[PDB]
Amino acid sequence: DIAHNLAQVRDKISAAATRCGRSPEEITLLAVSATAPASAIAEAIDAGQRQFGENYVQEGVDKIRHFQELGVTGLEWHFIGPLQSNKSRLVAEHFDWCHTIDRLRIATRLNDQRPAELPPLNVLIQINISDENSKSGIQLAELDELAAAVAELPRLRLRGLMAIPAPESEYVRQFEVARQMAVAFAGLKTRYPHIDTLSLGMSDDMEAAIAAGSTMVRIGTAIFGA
């Protein structure tokens, strides 16, 4: 039951925030509905969920159009998969957030292909913080350059950072890696305007991500199953 899992996930989030002195409202739950059918999302929506994350463009754009013509309003769609240049038009036309900005060219395409009547696309720069087997995300030493360039684009809005750490089961390493992301985030937050989103943490490391300072956790299986 999706509505029951939603409530169970929000309990774990609220628990973890409270334990480390944070207000539960500081942590946005982003329900990762990738691979989940539109019927399952519609249940989630009925249980009050409004923020949904998708890994693949055409799957995501089809859900977006579905709930639009149903006249369902007030949703927020986040593209959280790797973004190919040949699919950026659809992200720039249909999504509200994109978490995977890791090269300036792809961000300039999104800015150019973004219709003017829409609000700027909120974007996070993705950091490869600890995953040597991943080609996704920049190194921290490139952050200031990429952030400055991306910050300039008028149809985008730089909101913060995202990382998918390498899989880790030792809580100590989970926390140390997320702290590195929280430190970079704080550093960016001082100089850049409207930096308010650290997209970090999934079910396996949710506690350490929240204790380290994440503002948004990405939960998929624990909501929709597989």
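All residue numbers refer to positions in the sequence shown, first residue = 1.
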Quick note on 75-83 and 133-141: per-entry mean CA temperature factor is higher in 133-141
As the entry reports it, the stretch among 192-200 and 166-174 with higher mean C-alpha B factor is 166-174
Among 179, 50, 157, 66, the highest C-alpha B-factor in the PDB entry belongs to 66
So, residue 60's CA B-factor, relative to its chain, sits in which third? The lowest
Here the Cα B-factor of residue 70, set against its chain, lands in the third termed highest
The third of the chain into which the C-alpha temperature factor of residue 28 falls is the lowest
Chain thirds by Cα B factor, record data; residue 146 belongs to the middle
Residue 44: CA temperature factor from the record, placed by chain third, in the highest
